[PDB]
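Data file: model16.pdb. Format and content: PDB, C-alpha atoms.
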ATOM      1  CA  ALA A   1    -145.632  85.075-173.853  1.00  0.00           C
ATOM      2  CA  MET A   2    -143.470  82.220-175.004  1.00  0.00           C
ATOM      3  CA  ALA A   3    -143.461  79.409-177.513  1.00  0.00           C
ATOM      4  CA  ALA A   4    -140.432  77.258-178.161  1.00  0.00           C
ATOM      5  CA  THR A   5    -139.870  73.890-179.770  1.00  0.00           C
ATOM      6  CA  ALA A   6    -136.844  71.845-178.796  1.00  0.00           C
ATOM      7  CA  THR A   7    -135.015  68.676-179.825  1.00  0.00           C
ATOM      8  CA  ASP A   8    -132.032  66.665-178.612  1.00  0.00           C
ATOM      9  CA  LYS A   9    -129.882  66.387-181.791  1.00  0.00           C
ATOM     10  CA  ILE A  10    -130.038  65.035-185.358  1.00  0.00           C
ATOM     11  CA  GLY A  11    -133.190  63.157-186.364  1.00  0.00           C
ATOM     12  CA  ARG A  12    -132.139  59.801-184.886  1.00  0.00           C
ATOM     13  CA  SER A  13    -135.007  57.729-183.335  1.00  0.00           C
ATOM     14  CA  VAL A  14    -138.526  59.053-183.603  1.00  0.00           C
ATOM     15  CA  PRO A  15    -140.925  57.186-181.298  1.00  0.00           C
ATOM     16  CA  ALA A  16    -139.349  58.111-177.950  1.00  0.00           C
ATOM     17  CA  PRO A  17    -139.632  61.487-176.182  1.00  0.00           C
ATOM     18  CA  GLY A  18    -136.933  63.155-174.124  1.00  0.00           C
ATOM     19  CA  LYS A  19    -135.560  66.130-172.229  1.00  0.00           C
ATOM     20  CA  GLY A  20    -135.962  68.497-175.110  1.00  0.00           C
ATOM     21  CA  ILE A  21    -138.114  71.236-173.660  1.00  0.00           C
ATOM     22  CA  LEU A  22    -136.430  71.312-170.260  1.00  0.00           C
ATOM     23  CA  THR A  23    -134.050  73.747-171.947  1.00  0.00           C
ATOM     24  CA  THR A  24    -136.758  76.398-171.839  1.00  0.00           C
ATOM     25  CA  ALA A  25    -135.646  76.818-168.239  1.00  0.00           C
ATOM     26  CA  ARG A  26    -131.901  77.012-168.836  1.00  0.00           C
ATOM     27  CA  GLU A  27    -130.701  79.604-166.371  1.00  0.00           C
ATOM     28  CA  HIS A  28    -127.541  80.020-164.322  1.00  0.00           C
ATOM     29  CA  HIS A  29    -127.605  79.766-160.539  1.00  0.00           C
ATOM     30  CA  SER A  30    -123.848  80.005-160.029  1.00  0.00           C
ATOM     31  CA  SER A  31    -124.113  83.237-158.025  1.00  0.00           C
ATOM     32  CA  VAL A  32    -127.557  84.097-156.650  1.00  0.00           C
ATOM     33  CA  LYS A  33    -126.381  85.838-153.492  1.00  0.00           C
ATOM     34  CA  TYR A  34    -126.772  89.322-154.962  1.00  0.00           C
ATOM     35  CA  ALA A  35    -130.063  90.571-156.351  1.00  0.00           C
ATOM     36  CA  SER A  36    -130.663  90.734-160.089  1.00  0.00           C
ATOM     37  CA  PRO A  37    -131.977  94.252-160.762  1.00  0.00           C
ATOM     38  CA  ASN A  38    -133.415  93.412-164.169  1.00  0.00           C
ATOM     39  CA  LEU A  39    -136.095  91.230-162.592  1.00  0.00           C
ATOM     40  CA  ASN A  40    -137.597  94.268-160.880  1.00  0.00           C
ATOM     41  CA  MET A  41    -139.861  96.553-162.855  1.00  0.00           C
ATOM     42  CA  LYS A  42    -139.325  99.629-160.692  1.00  0.00           C
ATOM     43  CA  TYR A  43    -135.722  99.432-161.893  1.00  0.00           C
ATOM     44  CA  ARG A  44    -136.494  98.734-165.538  1.00  0.00           C
ATOM     45  CA  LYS A  45    -139.000 101.584-165.538  1.00  0.00           C
ATOM     46  CA  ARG A  46    -136.372 104.078-164.404  1.00  0.00           C
ATOM     47  CA  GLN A  47    -134.028 103.097-167.222  1.00  0.00           C
ATOM     48  CA  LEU A  48    -136.828 103.516-169.747  1.00  0.00           C
TER      49      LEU A  48
ATOM     50  CA  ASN B   1    -115.889  55.262-196.330  1.00  0.00           C
ATOM     51  CA  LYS B   2    -115.797  57.105-193.021  1.00  0.00           C
ATOM     52  CA  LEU B   3    -117.096  60.581-193.772  1.00  0.00           C
ATOM     53  CA  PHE B   4    -120.307  59.971-191.859  1.00  0.00           C
ATOM     54  CA  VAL B   5    -119.388  58.739-188.399  1.00  0.00           C
ATOM     55  CA  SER B   6    -122.647  58.319-186.513  1.00  0.00           C
ATOM     56  CA  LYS B   7    -122.537  59.529-182.955  1.00  0.00           C
ATOM     57  CA  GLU B   8    -123.199  56.743-180.487  1.00  0.00           C
ATOM     58  CA  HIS B   9    -123.547  58.649-177.223  1.00  0.00           C
ATOM     59  CA  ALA B  10    -124.376  62.282-176.745  1.00  0.00           C
ATOM     60  CA  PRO B  11    -121.913  64.878-175.409  1.00  0.00           C
ATOM     61  CA  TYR B  12    -123.612  64.574-172.035  1.00  0.00           C
ATOM     62  CA  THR B  13    -124.090  61.474-169.925  1.00  0.00           C
ATOM     63  CA  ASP B  14    -127.534  60.622-168.563  1.00  0.00           C
ATOM     64  CA  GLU B  15    -126.599  61.809-165.085  1.00  0.00           C
ATOM     65  CA  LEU B  16    -125.637  65.132-166.631  1.00  0.00           C
ATOM     66  CA  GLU B  17    -128.412  65.114-169.238  1.00  0.00           C
ATOM     67  CA  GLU B  18    -130.797  67.533-167.556  1.00  0.00           C
ATOM     68  CA  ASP B  19    -128.048  69.331-165.635  1.00  0.00           C
ATOM     69  CA  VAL B  20    -126.901  70.657-169.006  1.00  0.00           C
ATOM     70  CA  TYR B  21    -130.340  71.525-170.228  1.00  0.00           C
ATOM     71  CA  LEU B  22    -130.769  74.790-168.363  1.00  0.00           C
ATOM     72  CA  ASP B  23    -127.452  75.661-167.010  1.00  0.00           C
ATOM     73  CA  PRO B  24    -127.041  77.667-170.204  1.00  0.00           C
ATOM     74  CA  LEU B  25    -123.289  78.279-170.104  1.00  0.00           C
ATOM     75  CA  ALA B  26    -122.437  74.584-170.201  1.00  0.00           C
ATOM     76  CA  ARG B  27    -119.673  74.248-172.776  1.00  0.00           C
ATOM     77  CA  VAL B  28    -118.447  70.885-173.971  1.00  0.00           C
ATOM     78  CA  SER B  29    -114.720  70.256-173.693  1.00  0.00           C
ATOM     79  CA  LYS B  30    -112.011  67.763-174.518  1.00  0.00           C
ATOM     80  CA  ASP B  31    -111.587  64.596-172.505  1.00  0.00           C
ATOM     81  CA  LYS B  32    -107.960  63.642-171.976  1.00  0.00           C
ATOM     82  CA  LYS B  33    -108.880  59.971-171.680  1.00  0.00           C
ATOM     83  CA  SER B  34    -111.435  59.477-174.451  1.00  0.00           C
ATOM     84  CA  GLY B  35    -110.277  62.292-176.718  1.00  0.00           C
ATOM     85  CA  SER B  36    -113.874  63.045-177.663  1.00  0.00           C
ATOM     86  CA  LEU B  37    -115.808  66.204-176.855  1.00  0.00           C
ATOM     87  CA  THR B  38    -117.955  65.532-173.806  1.00  0.00           C
ATOM     88  CA  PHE B  39    -119.528  67.534-171.002  1.00  0.00           C
ATOM     89  CA  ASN B  40    -117.882  67.519-167.603  1.00  0.00           C
ATOM     90  CA  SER B  41    -119.685  67.884-164.308  1.00  0.00           C
ATOM     91  CA  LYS B  42    -116.866  70.263-163.335  1.00  0.00           C
ATOM     92  CA  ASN B  43    -118.158  73.102-165.515  1.00  0.00           C
ATOM     93  CA  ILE B  44    -121.945  72.615-165.396  1.00  0.00           C
ATOM     94  CA  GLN B  45    -123.402  75.601-163.549  1.00  0.00           C
ATOM     95  CA  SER B  46    -119.885  76.414-162.452  1.00  0.00           C
ATOM     96  CA  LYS B  47    -120.409  79.972-161.287  1.00  0.00           C
ATOM     97  CA  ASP B  48    -117.201  81.186-162.948  1.00  0.00           C
ATOM     98  CA  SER B  49    -118.678  80.871-166.447  1.00  0.00           C
ATOM     99  CA  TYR B  50    -122.312  81.324-165.352  1.00  0.00           C
ATOM    100  CA  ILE B  51    -122.370  85.129-165.100  1.00  0.00           C
ATOM    101  CA  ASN B  52    -119.283  86.474-166.930  1.00  0.00           C
ATOM    102  CA  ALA B  53    -121.052  85.516-170.187  1.00  0.00           C
TER     103      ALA B  53
ATOM    104  CA  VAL C   1    -121.640 107.250-182.740  1.00  0.00           C
ATOM    105  CA  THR C   2    -123.920 109.823-181.143  1.00  0.00           C
ATOM    106  CA  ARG C   3    -125.883 107.141-179.318  1.00  0.00           C
ATOM    107  CA  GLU C   4    -122.626 105.496-178.256  1.00  0.00           C
ATOM    108  CA  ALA C   5    -121.899 108.714-176.397  1.00  0.00           C
ATOM    109  CA  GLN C   6    -125.262 108.311-174.678  1.00  0.00           C
ATOM    110  CA  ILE C   7    -124.306 104.738-173.822  1.00  0.00           C
ATOM    111  CA  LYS C   8    -120.712 105.470-172.823  1.00  0.00           C
ATOM    112  CA  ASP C   9    -121.498 108.104-170.199  1.00  0.00           C
ATOM    113  CA  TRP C  10    -124.473 105.979-169.178  1.00  0.00           C
ATOM    114  CA  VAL C  11    -122.367 103.348-167.416  1.00  0.00           C
ATOM    115  CA  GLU C  12    -120.121 105.965-165.847  1.00  0.00           C
ATOM    116  CA  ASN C  13    -123.416 107.222-164.441  1.00  0.00           C
ATOM    117  CA  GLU C  14    -124.363 103.654-163.535  1.00  0.00           C
ATOM    118  CA  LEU C  15    -121.126 102.383-161.982  1.00  0.00           C
ATOM    119  CA  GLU C  16    -121.022 105.502-159.830  1.00  0.00           C
ATOM    120  CA  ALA C  17    -124.586 104.663-158.812  1.00  0.00           C
ATOM    121  CA  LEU C  18    -123.243 101.384-157.459  1.00  0.00           C
ATOM    122  CA  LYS C  19    -120.727 103.161-155.230  1.00  0.00           C
ATOM    123  CA  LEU C  20    -123.502 105.106-153.532  1.00  0.00           C
ATOM    124  CA  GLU C  21    -125.182 101.701-153.232  1.00  0.00           C
ATOM    125  CA  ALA C  22    -122.504  99.030-152.898  1.00  0.00           C
ATOM    126  CA  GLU C  23    -120.279 100.252-150.065  1.00  0.00           C
ATOM    127  CA  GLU C  24    -123.116 101.196-147.706  1.00  0.00           C
ATOM    128  CA  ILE C  25    -125.750  98.461-148.006  1.00  0.00           C
ATOM    129  CA  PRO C  26    -123.535  95.329-147.762  1.00  0.00           C
ATOM    130  CA  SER C  27    -120.558  94.357-145.666  1.00  0.00           C
ATOM    131  CA  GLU C  28    -117.142  93.481-147.078  1.00  0.00           C
ATOM    132  CA  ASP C  29    -118.824  90.480-148.742  1.00  0.00           C
ATOM    133  CA  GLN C  30    -118.473  92.932-151.580  1.00  0.00           C
ATOM    134  CA  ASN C  31    -116.417  91.584-154.484  1.00  0.00           C
ATOM    135  CA  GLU C  32    -119.121  88.978-154.975  1.00  0.00           C
ATOM    136  CA  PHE C  33    -121.881  91.590-154.987  1.00  0.00           C
ATOM    137  CA  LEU C  34    -119.772  93.934-157.112  1.00  0.00           C
ATOM    138  CA  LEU C  35    -118.896  91.157-159.557  1.00  0.00           C
ATOM    139  CA  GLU C  36    -122.638  90.527-159.658  1.00  0.00           C
ATOM    140  CA  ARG C  37    -123.657  94.115-160.444  1.00  0.00           C
ATOM    141  CA  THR C  38    -120.572  95.272-162.346  1.00  0.00           C
ATOM    142  CA  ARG C  39    -121.117  92.396-164.768  1.00  0.00           C
ATOM    143  CA  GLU C  40    -124.811  93.207-165.158  1.00  0.00           C
ATOM    144  CA  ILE C  41    -123.949  96.825-165.915  1.00  0.00           C
ATOM    145  CA  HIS C  42    -121.326  95.677-168.398  1.00  0.00           C
ATOM    146  CA  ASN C  43    -123.954  93.434-169.980  1.00  0.00           C
ATOM    147  CA  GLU C  44    -126.706  96.066-169.827  1.00  0.00           C
ATOM    148  CA  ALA C  45    -124.179  98.285-171.592  1.00  0.00           C
ATOM    149  CA  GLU C  46    -123.399  95.792-174.340  1.00  0.00           C
ATOM    150  CA  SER C  47    -127.000  95.047-175.277  1.00  0.00           C
ATOM    151  CA  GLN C  48    -127.543  98.794-175.079  1.00  0.00           C
TER     152      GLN C  48
ATOM    153  CA  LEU D   1    -138.694 104.573-178.380  1.00  0.00           C
ATOM    154  CA  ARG D   2    -140.278 101.261-179.375  1.00  0.00           C
ATOM    155  CA  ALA D   3    -136.669 100.051-179.311  1.00  0.00           C
ATOM    156  CA  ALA D   4    -136.057 101.236-175.769  1.00  0.00           C
ATOM    157  CA  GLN D   5    -139.249  99.444-174.784  1.00  0.00           C
ATOM    158  CA  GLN D   6    -138.111  95.998-175.907  1.00  0.00           C
ATOM    159  CA  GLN D   7    -134.792  96.610-174.167  1.00  0.00           C
ATOM    160  CA  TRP D   8    -136.445  97.238-170.822  1.00  0.00           C
ATOM    161  CA  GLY D   9    -139.935  95.873-171.314  1.00  0.00           C
ATOM    162  CA  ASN D  10    -140.028  92.822-173.572  1.00  0.00           C
ATOM    163  CA  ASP D  11    -136.589  91.432-174.406  1.00  0.00           C
ATOM    164  CA  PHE D  12    -134.774  92.347-171.220  1.00  0.00           C
ATOM    165  CA  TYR D  13    -133.816  88.739-170.465  1.00  0.00           C
ATOM    166  CA  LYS D  14    -132.506  87.736-173.890  1.00  0.00           C
ATOM    167  CA  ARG D  15    -128.896  88.646-173.119  1.00  0.00           C
ATOM    168  CA  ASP D  16    -128.901  87.186-169.618  1.00  0.00           C
ATOM    169  CA  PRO D  17    -127.869  83.666-168.612  1.00  0.00           C
ATOM    170  CA  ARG D  18    -129.410  83.856-165.154  1.00  0.00           C
ATOM    171  CA  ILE D  19    -133.003  84.511-166.266  1.00  0.00           C
ATOM    172  CA  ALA D  20    -134.490  81.416-167.833  1.00  0.00           C
ATOM    173  CA  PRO D  21    -136.525  82.009-170.974  1.00  0.00           C
ATOM    174  CA  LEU D  22    -139.654  80.831-169.193  1.00  0.00           C
ATOM    175  CA  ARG D  23    -139.006  82.924-166.106  1.00  0.00           C
ATOM    176  CA  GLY D  24    -138.487  86.102-168.062  1.00  0.00           C
ATOM    177  CA  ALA D  25    -141.390  85.152-170.274  1.00  0.00           C
ATOM    178  CA  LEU D  26    -143.549  85.833-167.245  1.00  0.00           C
ATOM    179  CA  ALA D  27    -141.316  88.321-165.459  1.00  0.00           C
ATOM    180  CA  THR D  28    -142.323  90.912-168.033  1.00  0.00           C
ATOM    181  CA  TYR D  29    -145.742  91.269-166.414  1.00  0.00           C
ATOM    182  CA  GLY D  30    -144.620  91.032-162.827  1.00  0.00           C
ATOM    183  CA  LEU D  31    -145.676  87.414-162.806  1.00  0.00           C
ATOM    184  CA  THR D  32    -143.497  84.906-161.044  1.00  0.00           C
ATOM    185  CA  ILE D  33    -142.883  81.257-161.794  1.00  0.00           C
ATOM    186  CA  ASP D  34    -145.402  80.636-159.025  1.00  0.00           C
ATOM    187  CA  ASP D  35    -148.231  82.164-161.061  1.00  0.00           C
ATOM    188  CA  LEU D  36    -147.979  79.499-163.736  1.00  0.00           C
ATOM    189  CA  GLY D  37    -151.324  78.120-162.704  1.00  0.00           C
ATOM    190  CA  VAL D  38    -152.066  75.205-164.977  1.00  0.00           C
ATOM    191  CA  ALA D  39    -150.169  72.868-167.278  1.00  0.00           C
ATOM    192  CA  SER D  40    -152.313  71.429-170.062  1.00  0.00           C
ATOM    193  CA  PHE D  41    -150.429  68.213-170.559  1.00  0.00           C
ATOM    194  CA  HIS D  42    -149.989  66.574-173.911  1.00  0.00           C
ATOM    195  CA  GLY D  43    -151.175  63.589-171.931  1.00  0.00           C
ATOM    196  CA  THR D  44    -151.282  61.306-174.890  1.00  0.00           C
ATOM    197  CA  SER D  45    -152.028  58.273-172.652  1.00  0.00           C
ATOM    198  CA  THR D  46    -148.984  56.245-173.624  1.00  0.00           C
ATOM    199  CA  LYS D  47    -147.007  54.632-170.864  1.00  0.00           C
ATOM    200  CA  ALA D  48    -143.781  56.361-171.854  1.00  0.00           C
ATOM    201  CA  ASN D  49    -145.090  59.859-172.494  1.00  0.00           C
ATOM    202  CA  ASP D  50    -147.089  60.728-169.397  1.00  0.00           C
ATOM    203  CA  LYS D  51    -144.258  59.340-167.310  1.00  0.00           C
ATOM    204  CA  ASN D  52    -141.853  61.621-169.142  1.00  0.00           C
ATOM    205  CA  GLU D  53    -144.025  64.684-169.698  1.00  0.00           C
ATOM    206  CA  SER D  54    -144.816  64.802-166.028  1.00  0.00           C
ATOM    207  CA  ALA D  55    -141.152  64.190-165.281  1.00  0.00           C
ATOM    208  CA  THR D  56    -139.906  67.169-167.258  1.00  0.00           C
ATOM    209  CA  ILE D  57    -142.532  69.553-165.916  1.00  0.00           C
ATOM    210  CA  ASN D  58    -141.219  68.787-162.472  1.00  0.00           C
ATOM    211  CA  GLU D  59    -137.628  69.853-163.053  1.00  0.00           C
ATOM    212  CA  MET D  60    -138.465  73.078-164.849  1.00  0.00           C
ATOM    213  CA  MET D  61    -140.461  73.987-161.754  1.00  0.00           C
ATOM    214  CA  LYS D  62    -137.914  72.300-159.532  1.00  0.00           C
ATOM    215  CA  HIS D  63    -135.182  74.332-161.183  1.00  0.00           C
ATOM    216  CA  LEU D  64    -136.981  77.649-161.452  1.00  0.00           C
ATOM    217  CA  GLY D  65    -137.627  77.715-157.726  1.00  0.00           C
ATOM    218  CA  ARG D  66    -141.358  77.170-157.720  1.00  0.00           C
ATOM    219  CA  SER D  67    -142.647  77.427-154.172  1.00  0.00           C
ATOM    220  CA  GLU D  68    -142.621  74.072-152.392  1.00  0.00           C
ATOM    221  CA  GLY D  69    -146.158  72.824-152.214  1.00  0.00           C
ATOM    222  CA  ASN D  70    -147.401  74.897-155.102  1.00  0.00           C
ATOM    223  CA  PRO D  71    -147.979  72.356-157.842  1.00  0.00           C
ATOM    224  CA  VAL D  72    -149.276  73.044-161.325  1.00  0.00           C
ATOM    225  CA  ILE D  73    -152.568  71.422-162.196  1.00  0.00           C
ATOM    226  CA  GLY D  74    -152.564  68.758-164.887  1.00  0.00           C
ATOM    227  CA  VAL D  75    -155.247  69.237-167.525  1.00  0.00           C
ATOM    228  CA  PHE D  76    -155.534  66.208-169.779  1.00  0.00           C
ATOM    229  CA  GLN D  77    -157.779  67.290-172.646  1.00  0.00           C
ATOM    230  CA  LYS D  78    -157.255  64.082-174.580  1.00  0.00           C
ATOM    231  CA  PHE D  79    -159.564  61.975-172.450  1.00  0.00           C
ATOM    232  CA  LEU D  80    -162.555  63.442-174.285  1.00  0.00           C
ATOM    233  CA  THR D  81    -161.242  63.906-177.726  1.00  0.00           C
ATOM    234  CA  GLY D  82    -158.424  61.509-178.366  1.00  0.00           C
ATOM    235  CA  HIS D  83    -155.238  62.334-180.227  1.00  0.00           C
ATOM    236  CA  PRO D  84    -155.676  64.389-183.345  1.00  0.00           C
ATOM    237  CA  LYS D  85    -152.220  63.461-184.433  1.00  0.00           C
ATOM    238  CA  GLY D  86    -151.415  66.948-185.682  1.00  0.00           C
ATOM    239  CA  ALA D  87    -154.258  68.994-184.249  1.00  0.00           C
ATOM    240  CA  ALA D  88    -153.288  68.276-180.662  1.00  0.00           C
ATOM    241  CA  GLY D  89    -151.516  71.386-179.471  1.00  0.00           C
ATOM    242  CA  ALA D  90    -154.219  73.462-181.084  1.00  0.00           C
ATOM    243  CA  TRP D  91    -156.966  71.723-179.191  1.00  0.00           C
ATOM    244  CA  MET D  92    -155.061  72.107-175.969  1.00  0.00           C
ATOM    245  CA  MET D  93    -154.115  75.676-176.732  1.00  0.00           C
ATOM    246  CA  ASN D  94    -157.718  76.153-177.693  1.00  0.00           C
ATOM    247  CA  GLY D  95    -158.887  74.893-174.314  1.00  0.00           C
ATOM    248  CA  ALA D  96    -156.125  76.684-172.456  1.00  0.00           C
ATOM    249  CA  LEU D  97    -157.723  79.969-173.539  1.00  0.00           C
TER     250      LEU D  97
END

Could you spell out this file's structure in structure tokens?
Amino acid sequence: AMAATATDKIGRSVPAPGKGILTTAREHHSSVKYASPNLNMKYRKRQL
Amino acid sequence: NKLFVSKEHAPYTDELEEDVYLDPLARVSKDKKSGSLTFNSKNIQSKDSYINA
Amino acid sequence: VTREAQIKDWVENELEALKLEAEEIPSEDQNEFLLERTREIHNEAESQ
Amino acid sequence: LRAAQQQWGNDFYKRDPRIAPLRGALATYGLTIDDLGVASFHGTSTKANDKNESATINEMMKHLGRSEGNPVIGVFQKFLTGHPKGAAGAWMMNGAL
């Protein structure tokens, strides 16, 4: 359902791992007070 | 002999390193002091840019 | 341009569907819920 | 039609900042971040990796709002087999199935 490789920046220093993959969870929690309709299926089914 | 200027420190600082990583509307910006392009904690998951994009 | 007609009137059918929803379910803590759903509709319109 | 599907069924979180790629990866089956049962770690057995690999798994559950007290279960395939420098993720995807 998902595959994603990730890297910091330019090939700089190989033998040390880092944050890279954490970006597979980049989402925005600035305003979570309202409900996001797209997460429901009963709503996405009606549009379809 | 200064075409290739190797970065020394990333646009984020370690305390902001993972805060950038999935607040996905985190845009780098200019720093009035340093002049370089670095990430500020003032616009990382700042909810003004976090939905209008 | 034919599908754009389907998409144009689609939001005018969607934003009106917020008014039957957005001024009856919540209180006047509204311009944060509206700016949540009116953006999502605007974005669900773009990717449409 | 198979274009309206991927708008509302498969790639409905692409053009959305507030649905993480891993959350919408599962949210397309009615799964939640809580249903991510297991995490087959790379688990190379180096002192820097396992400290870091475990670290990063935490935040992406810490950030996605995994239920408190619902941890993912570390599967460290490499204790048997070792590190097949390149073959790794295909042994641990092999086992994960």

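Take atom CA of residue 10 of chain B and atom CA of residue 19 of chain A: the distance between them is 12.7 Å.
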
Hits of the PyMOL selection byres ((chain C) within 9 of (chain B)) in this structure, as a short mmCIF file (atom, residue, chain, number, x, y, z; two decimals) with C-alpha atoms, keeping the file's coordinate frame:
data_model
loop_
_atom_site.label_atom_id
_atom_site.label_comp_id
_atom_site.auth_asym_id
_atom_site.auth_seq_id
_atom_site.Cartn_x
_atom_site.Cartn_y
_atom_site.Cartn_z
CA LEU C 35 -118.90 91.16 -159.56
CA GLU C 36 -122.64 90.53 -159.66
CA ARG C 39 -121.12 92.40 -164.77
CA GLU C 40 -124.81 93.21 -165.16
CA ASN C 43 -123.95 93.43 -169.98
#

Legend entry - chain C contacts on chain D, all atoms listed in the file, 10 Å, as a list in words: residues 4, 7, 8, 12, 14, 15 and 16 of chain D

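Relative to atom CA of residue 22 of chain C, atom CA of residue 30 of chain D is found at 25.5 Å.
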
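When only C-alpha atoms are used to compute distances to residue 59 of chain D, the closest of the residues B:14, B:19, B:8, B:48 turns out to be B:19.
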
Please define a box with edges along x, y and z of the file around all atoms of segment 15-27 of chain B given in the file, extend it by 4 Å on each side, and return its centre and edge lengths in Å to one decimal, as JSON.
{"center_x": -125.2, "center_y": 70.0, "center_z": -168.9, "size_x": 19.1, "size_y": 24.5, "size_z": 15.7}

Inset, instruction - For each of D:20, D:26, D:93, D:39, take the minimum atom-to-atom distance to residue 56 of chain D, counting only C-alpha atoms, then give the residue where this is smallest. - result: D:39

Legend entry - Interface residues on chain A facing chain D, 9 Å, all atoms listed in the file, written as a VMD selection string: chain A and resid 1 to 2 16 to 32 36 38 to 41 44 to 45 47 to 48

Inset, instruction - Residues of chain C near chain A: apply a cut-off of 8 Å, count all atoms listed in the file, and supply the list as a list in words. - result: residues 32, 33, 36 and 37 of chain C

Go through chain B residue by residue and, counting only C-alpha atoms, keep those with an atom at most 12 Å from chain A; for each kept residue give the shortest atom pair and its distance in Å to one decimal, ordered by chain and increasing number, as CSV.
residue,atom,partner,partner_atom,distance
B:6,CA,A:12,CA,9.7
B:7,CA,A:10,CA,9.6
B:8,CA,A:12,CA,10.4
B:9,CA,A:9,CA,11.0
B:10,CA,A:9,CA,8.5
B:11,CA,A:9,CA,10.3
B:12,CA,A:8,CA,10.9
B:14,CA,A:19,CA,10.4
B:16,CA,A:19,CA,11.4
B:17,CA,A:19,CA,7.8
B:18,CA,A:19,CA,6.8
B:19,CA,A:26,CA,9.2
B:20,CA,A:26,CA,8.1
B:21,CA,A:23,CA,4.7
B:22,CA,A:26,CA,2.5
B:23,CA,A:26,CA,5.0
B:24,CA,A:26,CA,5.1
B:25,CA,A:28,CA,7.4
B:26,CA,A:28,CA,9.5
B:43,CA,A:30,CA,10.5
B:44,CA,A:30,CA,9.3
B:45,CA,A:30,CA,5.7
B:46,CA,A:30,CA,5.9
B:47,CA,A:30,CA,3.7
B:48,CA,A:30,CA,7.4
B:49,CA,A:30,CA,8.3
B:50,CA,A:28,CA,5.5
B:51,CA,A:28,CA,7.3
B:52,CA,A:30,CA,10.5
B:53,CA,A:28,CA,10.3

Inset, instruction - Quick one: everything within 12 Å of residue 8 of chain C, counting all atoms listed in the file, minus sequence neighbours fewer than 3 positions away in the same chain. Send it as a list in words. - result: residues 1, 2, 3, 4, 5, 11, 12, 13, 14, 15, 41, 42, 44, 45, 46 and 48 of chain C

Inset, instruction - Would you mind reading off the distance between atom CA of residue 69 of chain D and atom CA of residue 51 of chain D, one decimal, in Å? - result: 20.3 Å

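Between chain B and the residues D:71, D:62, D:77, D:83, the shortest atom-to-atom distance, using all atoms listed in the file, involves D:62.
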
Inset, instruction - On this file, the PyMOL selection byres ((chain D and resi 45) around 10) gives some set of residues; write that set as JSON, numbers by chain. - result: {"D": [42, 43, 44, 46, 47, 48, 49, 50, 51, 76, 78, 79, 82, 83]}

As an mmCIF file, keeping the file's coordinate frame, the rebuilt segment 3-16 of chain C with N, CA and C atoms:
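That gives us result_24.cif:
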data_model
loop_
_atom_site.group_PDB
_atom_site.id
_atom_site.type_symbol
_atom_site.label_atom_id
_atom_site.label_comp_id
_atom_site.auth_asym_id
_atom_site.auth_seq_id
_atom_site.Cartn_x
_atom_site.Cartn_y
_atom_site.Cartn_z
ATOM 1 N N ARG C 3 -125.271 107.951 -180.360
ATOM 2 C CA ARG C 3 -125.883 107.141 -179.318
ATOM 3 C C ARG C 3 -124.827 106.460 -178.459
ATOM 4 N N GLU C 4 -123.703 106.064 -179.056
ATOM 5 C CA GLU C 4 -122.626 105.496 -178.256
ATOM 6 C C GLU C 4 -122.153 106.455 -177.183
ATOM 7 N N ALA C 5 -122.166 107.756 -177.458
ATOM 8 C CA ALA C 5 -121.899 108.714 -176.397
ATOM 9 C C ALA C 5 -122.944 108.617 -175.301
ATOM 10 N N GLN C 6 -124.219 108.501 -175.672
ATOM 11 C CA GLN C 6 -125.262 108.311 -174.678
ATOM 12 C C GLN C 6 -125.060 107.030 -173.892
ATOM 13 N N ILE C 7 -124.509 105.996 -174.524
ATOM 14 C CA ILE C 7 -124.306 104.738 -173.822
ATOM 15 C C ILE C 7 -123.013 104.750 -173.030
ATOM 16 N N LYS C 8 -121.979 105.418 -173.537
ATOM 17 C CA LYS C 8 -120.712 105.470 -172.823
ATOM 18 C C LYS C 8 -120.881 106.134 -171.464
ATOM 19 N N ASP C 9 -121.284 107.399 -171.453
ATOM 20 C CA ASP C 9 -121.498 108.104 -170.199
ATOM 21 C C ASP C 9 -122.589 107.474 -169.353
ATOM 22 N N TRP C 10 -123.399 106.598 -169.934
ATOM 23 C CA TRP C 10 -124.473 105.979 -169.178
ATOM 24 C C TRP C 10 -123.933 105.052 -168.101
ATOM 25 N N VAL C 11 -122.915 104.252 -168.421
ATOM 26 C CA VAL C 11 -122.367 103.348 -167.416
ATOM 27 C C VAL C 11 -121.555 104.121 -166.388
ATOM 28 N N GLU C 12 -120.816 105.140 -166.823
ATOM 29 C CA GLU C 12 -120.121 105.965 -165.847
ATOM 30 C C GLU C 12 -121.100 106.648 -164.909
ATOM 31 N N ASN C 13 -122.344 106.837 -165.341
ATOM 32 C CA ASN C 13 -123.416 107.222 -164.441
ATOM 33 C C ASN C 13 -123.997 106.035 -163.696
ATOM 34 N N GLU C 14 -123.811 104.821 -164.209
ATOM 35 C CA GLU C 14 -124.363 103.654 -163.535
ATOM 36 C C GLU C 14 -123.382 103.071 -162.527
ATOM 37 N N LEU C 15 -122.118 102.890 -162.920
ATOM 38 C CA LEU C 15 -121.126 102.383 -161.982
ATOM 39 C C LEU C 15 -120.938 103.298 -160.786
ATOM 40 N N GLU C 16 -121.009 104.612 -160.979
ATOM 41 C CA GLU C 16 -121.022 105.502 -159.830
ATOM 42 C C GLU C 16 -122.265 105.311 -158.980
#
